[PDB]
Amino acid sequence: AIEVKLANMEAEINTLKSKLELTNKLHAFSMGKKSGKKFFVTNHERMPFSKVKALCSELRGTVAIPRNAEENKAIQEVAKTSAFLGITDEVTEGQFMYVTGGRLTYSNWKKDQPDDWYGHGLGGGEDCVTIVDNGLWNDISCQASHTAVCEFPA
């Protein structure tokens, strides 16, 4: 009994691991993940930047980051409306960095952006960035509520 039972349970566990792996692969496929390509997902909820970061982290992902023109379109395609990107200049004004560290390698800044505008009325300038429906970027208040779009690896 004992050792045989324990050995069986090891196989039961290993089997459940593979089944859950498959379940994850099937769910990623159903949500449009393309082979060897990172994928973006949203629940279409609007919330402040801090909450987006917290939510994506809780899903073991990150706030969507467009690294090139293709991903930028992929993100605008998933969001539909304005969405926060994992890029901010909170650490040093004027210097945008990825939430995952490092300076920008790609940008699609809209005409007259970024400007750290104060007139929004939420207080402070603008330290966060949103991708709008046309794919263009705009620095906005991290306090404002925009669509949460999480990114998961390729």
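So that there is no doubt, residue numbering starts at 1 and follows the sequence shown.
Which has the higher mean CA temperature factor in the PDB entry, 53-61 or 113-121?
Comparing 113-121 with 53-61, the higher average CA B-factor belongs to 113-121.
What stretch has the higher average Cα B-factor here, 5-13 or 129-137?
It is 129-137 that shows the higher mean C-alpha B-factor.
Take the CA temperature factors straight from the PDB entry and tell me which of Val41, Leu26, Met47, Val99 peaks.
That would be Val99.
Report the third (lowest, middle or highest) to which the CA temperature factor of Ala83 belongs, ranking only the modelled residues of the same chain.
Lowest third, going by the recorded CA B-factors of the chain.
Looking at the entry's B-factor column for C-alpha atoms only, identify whether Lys34 ranks in the lowest, middle or highest third of its chain.
Ranked within chain, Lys34 CA B lands in the middle tercile.
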